[PDB]
Structures are given as structure tokens and as C-alpha cells.
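Worksheet for the structure shown next.
The figures that follow rest on heavy atoms only: side chains count, while hydrogens, waters and symmetry mates do not. All residue numbers in this chain count up from 1 along the given sequence.
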Amino acid sequence: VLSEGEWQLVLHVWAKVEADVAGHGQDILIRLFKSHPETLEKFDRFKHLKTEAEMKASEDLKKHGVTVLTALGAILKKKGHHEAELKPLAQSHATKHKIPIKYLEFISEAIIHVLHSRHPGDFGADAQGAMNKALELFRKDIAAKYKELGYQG
Ligand code: HEM
């Protein structure tokens, strides 16, 4: 359970993201795909992309980055009271997209890295720890739904 002070740190940096949702989504997906290429293989939509320059030039990838970060921002702004938002995401990512929990750990690392690059003054260690906690809570609650459905592994 995050404290109120931890949530304020999370949402203070997140408010900085929402000024350029699409640029953050590109950086985060690109980092994810470069750092963990098995993740790219889960997107039929993106698996033709073989270079970082091709990734950066894809408008469809940029669109999907906005989809991802819009869903995550709606979850973070619930401060843990996010059952209604996680249900459908857990269900589609477990049963349709077939995304292991571990890949959610990978994208959490990419989110943290990109927020540190773009917002260092609002993402010192206290905020990095709080955001780590927020993303861990996201994964914990998604993993419980995966387990229900038979996909925790
Ligand atoms: C912060 C974590 C994530 C969030 C908030 C998120 C959010 C979303 C949303 C909102 C959609 C569209 C609606 C739906 O299908 O449920 C989507 C689609 C999808 N997601 Fe994620 N996602 C996350 C992580 C991942 C990861 C790590 C992967 C793969 C490694 C992944 C793979 C996919 C795929 C394959 C689709 C369908 C894309 C398409 O072909 O249109 N997601 N995600």
C-alpha cells in the first residue's frame, strides 16, 4: 500500500508526462523492444520493425504508446483503487495478447528509465522509489488476476 506522500510523488511526475504523452510512449516502447526483444515479437502489428530508426518513424507505434500510457495514467490516478481498470487489461493481456507478468516488469523498467531521462528534477530517488512501488502494485494486482485465470505460470 502506497502512502499518500508516495502517491503525490507518483502523480507529480505523471503530470509532467501528460504534456507529451506520445513522446513518452515512443521512448518507452522503443526502450522495451530494444532491451527485451522477445517483447516485440508479441506485437504482430510491430514485428516488421528491425531498427530503432524504423521504430521512431512508425506512427502506428506512436499511437499505441499513447494507448498504453493513457491506460496507465488512468490506473495511477486511482491511487490503488484501480480494480475496474485492471480487470479488463489483465483479462486481455493474459488471455488474448499472451503477455507474461515478467514482460510487465520489463515495461515498468522502461517507464522508470524514460521518466528519469525526461524529468530528473521531479524524479529523484524518493519519486523513483514511489513510482517503483506504484508499478509493483500494478503488477501484483494484475498477477492475481492472471492467477485466477490460470496464467500466472
Ligand atoms: C503498462 C503496461 C501496459 C498497459 C497499460 C497496456 C495497455 C494496453 C491497452 C490499453 C491495449 C489496448 C486494449 C486491450 O487490448 O486491452 C493494449 C494492447 C496490447 N498490448 Fe498492452 N499494455 C501494457 C503492457 C504490455 C506489454 C508489456 C506487452 C507486450 C510485451 C503488451 C502487448 C499488447 C498487445 C500485443 C496488444 C494488442 C496490440 C494490437 O495488436 O493492437 N502490452 N495494451
Side-chain angles (χ1 to χ4, degrees), residues 2 7 9-119 122-123 127-128 130-149 151-153:
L2 279 70
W7 286 121
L9 290 170
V10 169
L11 295 178
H12 184 75
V13 71
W14 200 260
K16 305 299 187 177
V17 169
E18 294 188 323
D20 180 12
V21 177
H24 284 83
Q26 286 170 303
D27 294 352
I28 285 168
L29 293 176
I30 294 175
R31 182 161 189 95
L32 176 65
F33 293 158
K34 291 178 57 98
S35 295
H36 304 279
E38 65 272 43
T39 64
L40 177 62
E41 181 80 343
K42 294 287 179 171
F43 294 85
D44 288 346
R45 196 160 163 183
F46 302 131
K47 69 177 172 137
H48 70 274
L49 299 167
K50 306 302 191 283
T51 73
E52 180 168 4
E54 287 172 3
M55 295 174 189
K56 281 183 170 272
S58 175
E59 190 67 9
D60 201 42
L61 186 53
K62 187 170 180 178
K63 281 183 43 179
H64 205 60
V66 171
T67 294
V68 171
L69 295 189
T70 298
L72 181 60
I75 286 161
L76 295 172
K77 288 169 192 179
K78 298 299 193 154
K79 297 164 71 182
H81 297 99
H82 54 214
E83 161 69 24
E85 289 62 46
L86 257 28
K87 230 202 180 61
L89 181 73
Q91 295 170 341
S92 69
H93 285 62
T95 77
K96 185 176 214 164
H97 310 314
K98 316 291 209 78
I99 306 307
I101 299 297
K102 188 73 177 182
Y103 293 12
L104 300 183
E105 180 189 359
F106 297 156
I107 199 175
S108 294
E109 290 299 309
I111 291 162
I112 290 161
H113 186 278
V114 171
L115 285 172
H116 181 69
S117 295
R118 285 177 166 253
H119 314 296
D122 295 288
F123 208 61
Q128 285 168 48
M131 183 60 76
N132 181 239
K133 287 186 173 192
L135 300 174
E136 280 210 344
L137 178 68
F138 169 81
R139 291 202 299 282
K140 169 188 180 197
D141 288 350
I142 289 174
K145 292 183 163 155
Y146 271 42
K147 184 176 189 302
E148 171 185 343
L149 292 171
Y151 297 80
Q152 187 197 262

Minimum heavy-atom distance between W14 and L72, given as atom pair plus value
CH2-CD2, 3.8 Å

Do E148 and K145 meet the salt-bridge criterion of a basic N to acidic O distance under 4.0 Å?
no

Would you compute the distance between atom CZ of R31 and atom CD1 of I112 and round it to the nearest 0.5 angstrom?
11.0 Å

Counting only heavy atoms not in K133, do more than 12 sit closer than 6.0 Å to its NZ atom?
no

Looking at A127 and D122, what are the two nearest heavy atoms and their distance?
CB-O, 3.6 Å

More than 12 heavy atoms of other groups within 6.0 Å of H113 NE2:
no

Reported CG-to-NE2 distance for the pair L69 and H24, which is rounded to 0.5 angstrom
8.0 Å

Could you check whether any side-chain heavy atom of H93 comes within less than 4.5 Å of a side-chain heavy atom of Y151, counting everything from C-beta outward?
no

Between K77 and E18, is the closest basic N to carboxylate O distance under 4.0 Å?
yes

Indicate the atoms forming the closest heavy-atom contact of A134 with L76, along with that distance.
CB-CD2, 3.9 Å

Dump the intermediate steps for side-chain contact (heavy atoms from CB on, under 4.5 Å) on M131 and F123, then the final yes or no.
CA-CA 9 Å; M131 183 60 76; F123 208 61; 3.7 Å; yes

Tell me if a side-chain donor or acceptor on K50 pairs with a main-chain N or O of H48 at a distance below 3.5 Å.
yes

Looking only at atom types and distance, does a side-chain atom of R45 sit under 3.5 Å from a main-chain N or O of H64, one as donor and one as acceptor?
no

Nearest 0.5 Å, what's the CG-CG distance between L86 and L89?
6.0 Å

So do the side chains of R139 and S108 get within less than 4.5 Å of each other, counting heavy atoms only?
yes

Could you state the interatomic distance from CZ (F33) to CG (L61), rounded to the nearest 0.5 Å?
5.5 Å

For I142 against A90, the heavy-atom pair lying closest together:
CG2-CB, 4.1 Å

Do the charged groups of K87 and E83 touch, with an N to O distance under 4.0 Å?
yes

